[PDB]
């Protein structure tokens, strides 16, 4: 009754399939999906052994989502049919201390209740239609291009959160290091320019990507090679960086992060590369904080979208069809996407 992209066999690839069109239960909303982002966390999931995977088969993929409100469920009010909306992804219980703050990303009782985001447990966005649990997980778009902006629901939000979190320890005139100019990283760079006073240093591996980073306003773009630590030291007295945003998060990049963060600095480990930064005396410098943030707050999403409208940040997009989505995943794992892959069905 509708088409969708699903993960169905452990270790297998994602398939386009036919499945029922869902109806909105009470309190719920269904969207006609205008755009759908592909994130490298979607990759990480599909290469897990059968034992570590916990989202059930089948699973409709894709947790960056925008659309137009197709049908309203029982009792729902707040949004009309026809409204352009983005999906706030990191769903939570709505009532705990964090949720009440808007920070459903840090919900203290969601693992317990088995609340899961769309595309990471609940039916996701890579489909012609998707359901959203509740009205508070929708954010108005007005007249922002869904394709241009949908990726801000994660690729923007997540580093924005991490950056906004870091401005306490990142004074204007400071220096910030972004490791990885990928989907998040390339937005991370723009955001850092928009709202910190920092001198942004980007690091990636392909020159392709360094040029993009520099084009997106990075004051410096460097290879994350064995000379990277030295150059950053050079560029910052011998003081190091006030903030470091590791959007790779592997043991190598984390090691780099430790060796360059300044006294009293901060490291946001944003990417999931399987590493851990050993934080402590004579490991991390004095006053140096370390954190593995996760996604962002409800308000923070609205703030990122408001920045898009202002023209202070954008997603570099590479467009695909619903059918091309499996190919786009192969491109993403190959590392030959420029920015964000966005599927339009």
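Positions refer to the first chain, counted from 1.
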When the Cα temperature factors in the entry are averaged, is it 2-10 or 336-344 that ends up higher? 2-10
On mean C-alpha B-factor from the PDB entry, just flag whether 104-112 or 165-173 is the higher one. 104-112
I'd like to know which of 208, 154, 255, 246 has the highest C-alpha temperature factor in the PDB entry. 208
Between 36, 302, 290, 31, which carries the biggest CA temperature factor in the record? 31
Lowest, middle or highest third - CA B-factor, residue 223: highest
Lowest, middle or highest third: which one holds residue 91 when the chain's residues are ordered by CA B-factor from the entry? middle
Residue 276: which third of its chain by C-alpha temperature factor? middle
For residue 97, the third of its chain by CA B-factor is the middle
Taking the C-alpha B-factors as the PDB entry records them, is residue 65 in the lowest, middle or highest third of its chain? middle
